[PDB]
Amino acid sequence: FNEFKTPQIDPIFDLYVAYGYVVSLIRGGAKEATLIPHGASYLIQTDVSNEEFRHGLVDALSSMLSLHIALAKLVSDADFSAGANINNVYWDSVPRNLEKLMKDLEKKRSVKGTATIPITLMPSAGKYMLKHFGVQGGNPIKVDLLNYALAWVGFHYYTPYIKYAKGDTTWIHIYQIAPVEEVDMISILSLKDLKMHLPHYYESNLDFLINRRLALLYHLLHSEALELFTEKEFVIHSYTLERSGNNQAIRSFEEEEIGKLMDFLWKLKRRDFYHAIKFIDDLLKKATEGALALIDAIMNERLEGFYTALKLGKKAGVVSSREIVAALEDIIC
Amino acid sequence: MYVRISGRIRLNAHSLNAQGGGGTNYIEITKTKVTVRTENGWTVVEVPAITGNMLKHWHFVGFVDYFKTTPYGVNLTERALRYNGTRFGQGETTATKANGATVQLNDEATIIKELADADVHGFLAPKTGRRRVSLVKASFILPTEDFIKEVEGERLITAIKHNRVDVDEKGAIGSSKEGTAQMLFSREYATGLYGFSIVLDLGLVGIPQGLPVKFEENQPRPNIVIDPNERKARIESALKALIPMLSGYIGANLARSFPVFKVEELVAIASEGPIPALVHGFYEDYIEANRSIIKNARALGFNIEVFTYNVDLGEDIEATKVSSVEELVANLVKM
Amino acid sequence: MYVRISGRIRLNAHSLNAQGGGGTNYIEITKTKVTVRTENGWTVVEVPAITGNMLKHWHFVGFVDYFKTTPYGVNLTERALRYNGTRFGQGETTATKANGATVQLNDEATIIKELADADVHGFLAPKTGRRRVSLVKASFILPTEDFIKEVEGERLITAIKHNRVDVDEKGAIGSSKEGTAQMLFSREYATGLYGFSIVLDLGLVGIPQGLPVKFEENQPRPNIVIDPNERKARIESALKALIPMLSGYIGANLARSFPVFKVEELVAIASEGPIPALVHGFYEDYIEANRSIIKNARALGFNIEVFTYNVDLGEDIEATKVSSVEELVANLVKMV
Amino acid sequence: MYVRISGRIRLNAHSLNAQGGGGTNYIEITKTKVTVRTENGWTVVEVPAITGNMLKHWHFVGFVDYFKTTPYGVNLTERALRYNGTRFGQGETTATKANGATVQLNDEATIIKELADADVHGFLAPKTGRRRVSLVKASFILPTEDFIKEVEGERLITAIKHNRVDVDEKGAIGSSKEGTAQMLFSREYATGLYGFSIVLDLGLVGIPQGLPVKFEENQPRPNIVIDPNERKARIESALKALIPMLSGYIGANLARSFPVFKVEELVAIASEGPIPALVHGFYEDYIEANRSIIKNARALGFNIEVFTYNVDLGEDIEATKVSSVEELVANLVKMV
Amino acid sequence: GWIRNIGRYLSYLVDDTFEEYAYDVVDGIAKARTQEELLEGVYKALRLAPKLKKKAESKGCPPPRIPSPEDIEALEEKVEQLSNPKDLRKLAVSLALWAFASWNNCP
Amino acid sequence: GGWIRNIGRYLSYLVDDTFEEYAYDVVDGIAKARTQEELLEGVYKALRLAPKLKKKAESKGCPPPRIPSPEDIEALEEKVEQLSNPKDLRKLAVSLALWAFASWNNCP
DNA sequence: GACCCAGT
DNA sequence: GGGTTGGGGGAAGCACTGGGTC
């Protein structure tokens, strides 16, 4: 039993850094591991040595550099380079740190530098803090390279994100699952499957990505991952990085729960599968304003939401399959 | 002087606390969550709530409106008339009044006298410190869980589309290159029964918090560093600023929504000295709890006058039957 | 000079405020959930309603029509005369005057000195950055609580199908692919004891937000940009824009719906000063509220002018028994 | 020049404005829910009514019929000559002139110059986006509130069942097995003391809405794209279109319809300036509302002429006693 | 469940294969809350039987099957004791939900 | 309870085919009524066409229609007097008219 | 406190 | 009852104060 200590800085940043510990220990084995939740600490309990932890990190960063150099001061189009990154100054600074550990971890040397965390990994960051009177200069939140590198590895593989640019503006929505009572390797590895690599949709037909609460449904639709949430308990945390008119700021940040959405989709896509995706995609593409009434009815069990969306969507175009109607009444009864 | 108003409000179909419209087209209204106890458990609902920043901004708006009536309207900052509410800055030491007078930031004594807006809501000056606490405090406007107990569902969010017609040099319609402004967006309006609670601190108007008392004749008296006759006028300028609240001037989109506003029930306490707030207009047990809190303050030596509007509030309390906010103000302006 | 009008209207047979789109059949009417009692708790009930946007647009339409007759009608936006409410949208850096001139976009007062549209309904200047708060505030149109309590919400919506007769020159209507754009569409119509609570703030006309006062000898004097006679004429036109509100020009689709109207109980308060808004007519027991809003407010030192119709009040205040809204606004334009 | 007509008429067993059966035989009539005062409380009841689409279509038919009389009837629409009310259905970019020429839909002024019907009735050109709101507003046709109070509805439907006779050379009715036509369908008809109200905005004919005035010398001067004689002829045709609006050419069912439909009382106002619309006949107390709206308006220095029937509107009103319906628009047209 | 045999008739008035497109009845039945408009709305849907009977024959497919009266009373016997809106909406919304289906029987 | 189906079977013979009799006016008036008085008027108008339909079915080969029992008349009479409020009057006004359209085997 | 940046 | 049409196209957020570095 080693019980790797995890520093507590931010409830969201600590989620990313601690939840990203598993991607390295899997590369190094670490059989019989667990992750005890603490709300924000989220401590890993594993009976493994510290030496293989760096062997996990070197493989993870080799994968990161292979992804980065493949696409294209050099700026890629990956999650850690330009996908979820809203600030251009971190388009090249972030990879430079990632390759920097190649001169530090390969020959078994500890970290000595300390970098600046961007807003994408942790929204509470910024430039203008308040201590006693007025503001300051730069970013007072400075993160050591050890905890800095452990966040991007968990961010790229596990937590998904949706990007919808439409030319000058840009909307980035980031969702992540946080365990709250217990979790094991069965769930944390399964959550990795939800990641959407290169979620660059653009055009104009795919406008349904408006609003975060509507983009989460589209992200979840095409990922029929593990449905363990019917017996487990998990929470979804989401945040947006709006860049309307080249104005990088956060305008939407809400806390919801994913278990009821899991149950809704699990109970919906059971009688048939061919027509359910077609129906939901049609209502999302055509009934842009109507799918909000459908998504809102899920976290509160709203009866009128199950009808308003269908009413507003049928007028444009809807297949309206038979087996899916019986799926809604399975939740209703 | 020291007035605590609270109660329940029935307003519906109102656009308050929108998401802007910088690039988002569907302007969905803010959505909140509230817990409610039922069937030996707790359940939540996605119901909107309005922040009290709207209430504070409208108090600021009404303060200058009722301050321009009296001939004492000279002592007011220029930024207050344009609804700025910046209150100087990290390096701004001079003030911009209606006549252009300059004010030096050295202490609250020379600030609350020459300026009136900076005293009700406070100010700050990081260059020289001297922060002023807001004398008026607002509360978040959220729907009561009694309405949830009797509803626990329904849409209660009216989504309506609005169109902005546009014309060309002769009446043509463009798509993406003709230079048109045709737009088709959505607006969500909120309904339900909410609650309100406002506290006023008129005892610190013209009296600095650092030296609230004179204390030079072995007799503690209020340290009114301003002229009493205009201090009394300033009392009403802030007391009547809550009148527009009880009429409909709440939130934004007033030109296009103007919430259907009518208070069903309220309770207030007025006193010469500091007094506790009764209850937020949220919990079901908001009457009897007040029935307790009054007897929790009378035994301590507080000359509290209770004003009730559409509530019996028992019979032992010497409450006054109030039928509107205006006669409450008229009964408070005397003292 | 702030005036508050609030009252009832037996507005019925109207397809106003309709949610439909080109590619959307069955153009249906707006429905707003409301809170009522129905001898029980504060329950929620569905009922058709009308948006205040519409009322604002039709107030603009009436205001420009009544401002045409004014001798200073040349000082108005050309697009305003085109029955268009697009006041400084996106795509242009300036507007066009009625005579064909333009408007310059740095100072707020110079925008409204030769234009009477942004001085009566506000404006927005995207590229420049400046903005102006609105003058007239319109409320939603909701029926009385007791009306929907007695009928407990029995549909209250009538859907009528309408079609055209687009027959070809030969005299036959065959296939869609034939070229006959002829079809069946449905319109929803509603009824009820609706209510409105429009408010106007004529004390801010010609007063720029940046520099509302001058204080050249340190005296109370708001900074007016237009001539006082021009300001009086603009205020009179704004007040005269209220007659079409009850005259049937509530909403669009008058060519096919033109809802029926009748002057119900109305209350108007105006005393040329800061005045609180009135109580909306959506609540059945609001009349007694009007017996307490202005009962003691008159004793506060305000020369409140009250004009009432179809209500006896508490027979204790100086409430003028005005016949209709045109006499009401005639009594208002004579005191400015 | 603006005109407002309203009043009370009586209909007896008319099948005007029906949904259009379909396979179904009972040809269900359009039912509209309206408010009823009632000594107990405000209730709602459904009654058969007539939509405004009809009134507008029949007004257009009368307008084109009386415009054919004028020598300048060449500048018309081929669809208008064919009694078609549709305006540029999607599928064609340009249009066809009634003379047989082709009308280019690129300028609103040219469209209104070459199309007299679309100038007053508006149009819709989604292909090029040309829009113009109609100068005529038509309301519904509803029974008055006092009528419903004194009759309580009593389901107010007269159902008569008809058949179709298909007699061939053999003279066999058949059994719907060879290709015959022997079926039984039902048509219903409605009666009641209804009301009418139509608004005419005859001040924009010949003037595009995009450019209402020229202001060549900073003076009010409307810009007309046509010669004044054509404008006067169009005004005369529009005024004469209202004469059949109370004669019987209202509704549909041109094979069984045309009930009595004679006016019992009518009220009208006419003035070149902006004037309010009179109360549509629906209520038992609209007479004094109209009296006030026509009396107080004259106090504002408005050159407005009021015509009335049946009700003299007291002795203080100088309104003449107009008996028929053509003399009203006639006295209006001599005063231009 | 006496629902699968009645929802297909409600679906007959929304499907594209039968172009009559009457959503007024669906809107009336969806927003039925207290005691009466739920029974009144379903009347409008069940009345338009001829429409569908003629429209199916006008194209070639067999006429639609009218729901059997063996289970209609299940709504009347259930709406009585379920007077409160707590569980009455719970089935009123499902009645309108089952109206938005395809039921492709007219190829 | 029990008589609703019996009266609905009778009302079914007025809207079904194989009878050449289609009178929707009365069935429309029975359901979407406003006052208790017109309910029994519509019931009478629907019930009046008993003898004209009791004989044509057997002539066309269909079994004769089963006339509703006179005992159900007592129930429908005694249900309406004590219930005068319009709140729960429309539900019974439309309950009997609902069974007019069903799958009754009128002509097997 | 003046610099920085993007791809259908 | 017996057939013709079920939207039609156009619009379905611009500008506006970007927040990080160094």
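- Judging from the entry metadata, cryo-EM is the method by which this structure was determined, and 3.9 Å is the reported resolution.

Points about the overall build of chain F
Now for step 1: Of the regular secondary structure elements, chain F holds seven helices and zero strands.
Now for step 2: Seen in sequence order, chain F has helices and strands lined up from the N terminus as α-α-α-α-α-α-α.
Now for step 3: If you line up chain F on its principal axes, its C-alpha atoms span 45 × 25 × 20 Å.
Now for step 4: The proportion of buried residues among the 108 residues of chain F is 53%.
Now for step 5: Sequence-distant contacts, at least 24 apart, represent 75% of the contacts inside chain F between residues at least 6 apart.
Now for step 6: Just so you have it, chain F exposes about 5200 Å², and 57% of that area is on carbon and sulfur atoms.
Now for step 7: In chain F, the 16 positive side-chain charges and the 17 negative ones have mean positions that sit 4 Å from each other.

Some words on the sheet that holds strand β9 (residues 183-190) of chain B
Now for step 1: Here we have three strands laid out as an open sheet, ordered β2-β9-β8 (chain B), and mixed in their pairing. Each having just a single partner strand, β2 (26-27) and β8 (157-164) of chain B make up the two edges of the open sheet.

Looking at a positive patch on the surface
Now for step 1: On the surface, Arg155(D), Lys45(F), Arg48(F), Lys52(F), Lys54(F) and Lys55(F) cluster together to form a positively charged patch.
Now for step 2: By secondary structure assignment, the location of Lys45(F) is in helix α3 (residues 36-47).

Quick notes on the interface of chain C and chain B
Now for step 1: In this complex, chain C contributes 58 residues to the contact, which on the side of chain B involves 56 residues.
Now for step 2: Listed by contribution, the elements that provide at least two residues to the side of chain C that touches chain B are β4 (31-36), β5 (43-48), α1 (52-68), β12 (199-201) and α8 (287-293) of chain C.
Now for step 3: Per-element accounting of the side of chain C that touches chain B gives the leading share, six residues, to β4(C).
Now for step 4: When the residues that make up the side of chain C that touches chain B are grouped by side-chain class, the tally is 24 nonpolar, 22 polar and 12 charged.

Structural notes on the interface of chain E and chain A
Now for step 1: The interface of chain E with chain A comprises 18 residues on the first partner and 17 residues on the second.
Now for step 2: Across the chain E to chain A interface the summed buried area is about 1800 Å²; carbon plus sulfur atoms make up 68%.
Now for step 3: The largest share of the area that chain E buries against chain A comes from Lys90(E), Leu97(E) and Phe100(E), three residues that together contribute 36% of it.
Now for step 4: Linking chain E with chain A are zero salt bridges, by the criterion used here.
Now for step 5: Inspection of the chain E/chain A interface yields four residue pairs in polar contact.
Now for step 6: Counting residues per element, the ones that place at least two in the side of chain E that touches chain A are α2 (24-30) and α6 (85-97) of chain E.
Now for step 7: For the side of chain E that touches chain A, the element with the highest residue contribution is α6(E), accounting for six residues.
Now for step 8: When the residues that make up the side of chain E that touches chain A are grouped by side-chain class, the tally is 11 nonpolar, two polar and five charged.

Quick notes on the protein's contact with DNA strand H
Now for step 1: Neighbouring DNA strand H are 64 residues, the closest being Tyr90(A), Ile119(A), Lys127(A), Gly22(C) and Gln90(D).
Now for step 2: Counting only atoms of DNA strand H within 4 Å of the protein, the fraction found in sugar and phosphate groups is 54%.
Now for step 3: Between DNA strand H and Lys315(A), the relevant distance is 3.4 Å, taken from a phosphate oxygen to a main-chain nitrogen or oxygen of the residue.
Now for step 4: Between DNA strand H and the protein, one listed contact pairs a base nitrogen with a backbone N or O atom of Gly21(B) at 3.1 Å.
Now for step 5: Among the secondary structure elements, those contributing two or more residues to the surface near DNA strand H are α5 (89-100) of chain A, β8 and β9 of chain B, β10 (184-190) of chain C together with α4 (49-57) of chain E.
Now for step 6: The greatest single-element share of the surface near DNA strand H, amounting to three residues, is contributed by β9(B).
Now for step 7: When the residues that make up the surface near DNA strand H are grouped by side-chain class, the tally is 23 nonpolar, 31 polar and 10 charged.

Things to note about the protein's contact with DNA strand G
All names here are of chain A.
Now for step 1: Taken together, the residues surrounding DNA strand G are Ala72, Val75, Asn88, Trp91, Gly167, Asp168, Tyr202, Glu203, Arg243 and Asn246.
Now for step 2: Taking the atoms of DNA strand G that fall within 4 Å of the protein, sugar and phosphate contribute 54% of them.
Now for step 3: One of the backbone nitrogen or oxygen atoms of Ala72 is found 2.7 Å away from a base nitrogen of DNA strand G.
Now for step 4: Here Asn88 contributes a side-chain N or O atom positioned 2.7 Å from a sugar or linking oxygen of DNA strand G.

A few points about the state of the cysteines
Now for step 1: On inspection of all chains with the given rule, the structure shows two disulfides over all chains.
Now for step 2: Across the disulfide from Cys61(E) sits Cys106(E); the S-S distance is 2.0 Å. With the S-S dihedral at roughly 75°, the linkage between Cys61(E) and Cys106(E) falls on the right-handed side. Here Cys61(E) is found in the loop between α4 and α5 (73-81), whereas its partner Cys106(E) is found in the segment after α6, with 45 residues between them in sequence.
Now for step 3: The exposure class assigned to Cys106(E) is buried, which follows from its relative accessible area of 14%.
Now for step 4: Residue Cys62(F) pairs covalently with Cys107(F) via a disulfide, S to S 2.0 Å. Torsion about the S-S bond of the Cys62(F) and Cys107(F) cystine: about 105°, corresponding to right-handed handedness. With a gap of 45 residues between them, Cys62(F) in the loop between α5 (56-59) and α6 (70-80) and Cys107(F) in the segment after α7 (90-98) connect regions that are remote in the sequence.

Notes on unusual backbone geometry
Excluding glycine, most residues fall at negative phi; most peptide bonds, likewise, are trans.
Now for step 1: In this model, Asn253(C) sits at a positive phi of 60°, which is unusual for a non-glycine residue.
Now for step 2: Structurally, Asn253(C) is set in the loop between α7 (243-246) and β13 (263-270).
Now for step 3: Despite not being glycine, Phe261(D) has its phi angle at roughly 50°, a positive value.
Now for step 4: By the secondary structure assignment, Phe261(D) is in the loop between α6 (228-241) and β11 (262-271).
Now for step 5: Owing to a relative accessible area of 8%, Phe261(D) belongs among the buried residues under this scheme.

Topic: the arrangement of the chains
Now for step 1: Separating chain A from chain D is a minimum C-alpha gap of 18 Å, and the two share no contact.
Now for step 2: Regarding chain B and chain F, the two do not touch, and the least distance separating their C-alpha atoms is 20 Å.

Structural notes on the side chain of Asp119(C)
All names here are of chain C.
Now for step 1: Checked against the element boundaries, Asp119 lands in helix α4 (residues 118-121).
Now for step 2: We classify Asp119 as buried; its relative accessible area is 1%.
Now for step 3: Leaving out residues up to four positions away in the same chain, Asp119 has contacts with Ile112, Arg132, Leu135, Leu204, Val205, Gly206, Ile226 and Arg234.

Topic: empty space enclosed by the protein
Residue and element names in this part refer to chain A.
Now for step 1: Estimates place the volume of the largest cavity at around 350 Å³.
Now for step 2: Residue lining of the largest cavity: 26 residues in total, with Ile177, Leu194, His219, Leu220 and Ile258 positioned closest to the centre.
Now for step 3: Listed by contribution, the elements that provide at least two residues to the lining of the largest cavity are α1 (13-19), β6 (171-179), α8 (212-221) and α9 (259-268).
Now for step 4: Of the residues assigned to the lining of the largest cavity, the class counts are 19 nonpolar, five polar and two charged.

A short note on the pairing of strand β1 (residues 33-36) of chain A
All names here are of chain A.
Now for step 1: The alternating pattern of β1 places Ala33 and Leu35 on a buried face and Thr34 and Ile36 on a face that is not buried.
Now for step 2: Bridging between β1 and strand β2 (residues 43-46) involves four bridges; their strand directions are antiparallel. Within the sheet, the bridge partner assigned to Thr34 lies in β2 and is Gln45.

Considerations on helix α7 (residues 286-298) of chain D
Now for step 1: Under the 1.5 Å per step criterion, the end-to-end length of α7(D) is 19 Å for 13 residues, consistent within 8% with the ideal 18 Å.
Now for step 2: Listed in full, the buried residues belonging to α7(D) are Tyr286(D), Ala289(D), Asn290(D), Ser292(D), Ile293(D), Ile294(D), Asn296(D) and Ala297(D).
Now for step 3: Packing partners of the buried residues in α7(D) comprise β13 and α9 (325-333) of chain C together with β1 (2-14), β11 and β12 (305-308) of chain D.

As for the pairing of β9(B)
Residue and element names in this part refer to chain B.
Now for step 1: Counting buried residues in β9 gives six out of eight residues, a clear majority hidden from the surface.
Now for step 2: By the bridge criterion, two bridges tie β2 to β9 in an arrangement that is parallel. When the bridges of β9 are listed, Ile27 appears paired with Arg187.
Now for step 3: As paired strands, β8 and β9 are joined by eight bridges and run antiparallel to one another. In the strand pairing of β9, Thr158 is matched with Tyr189.

Basis of the calculations
Residues numbered from 1 in each chain as written, not as in the entry; some residues may be left out. Chains lettered and ligands numbered in written order. Part of a larger assembly, values for the part shown. Heavy atoms only, no water. Residues with missing side-chain atoms left out of burial classes, pairs and counts. Helix = DSSP H or I, 4+ residues; strand = E, 2+ residues; numbered from the N terminus. Buried < 20%, exposed > 50% of the residue type's maximum accessible area, 1.4 Å probe, protein only. Contact = heavy atoms within 4.5 Å. Areas by Shrake-Rupley, 256 points an atom, 1.4 Å probe, with all protein chains shown as cover. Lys, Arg positive; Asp, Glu negative; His and termini not counted. Charge placed at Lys NZ, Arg CZ, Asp CG, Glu CD. Pairing = 2+ DSSP bridges. Patch = residues over 30% accessible without salt bridge, like charges linked within 9 Å, V, L, I, M, F, W, Y side chains within 5 Å. Salt bridge = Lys/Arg side-chain N within 4 Å of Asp/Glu carboxyl O. Nonpolar A, V, L, I, M, F, W, Y, C, P; charged D, E, K, R; others polar. Buried area = accessible area lost by both parts, 1.4 Å probe. Polar contact = N/O pair within 3.5 Å; in protein donor to acceptor, adjacent residues only side chain to side chain. Near = heavy atom within 4 Å. Disulfide = S-S within 2.5 Å. 1 Å grid on protein atoms, 1.4 Å probe; cavity = no way out; pocket = protein on both sides within 12 Å on 5 of 7 lines; lining within 4 Å. Points joined across faces, edges and corners; volume = space filled by probe spheres on them. Expected span 1.5 Å × (residues − 1).

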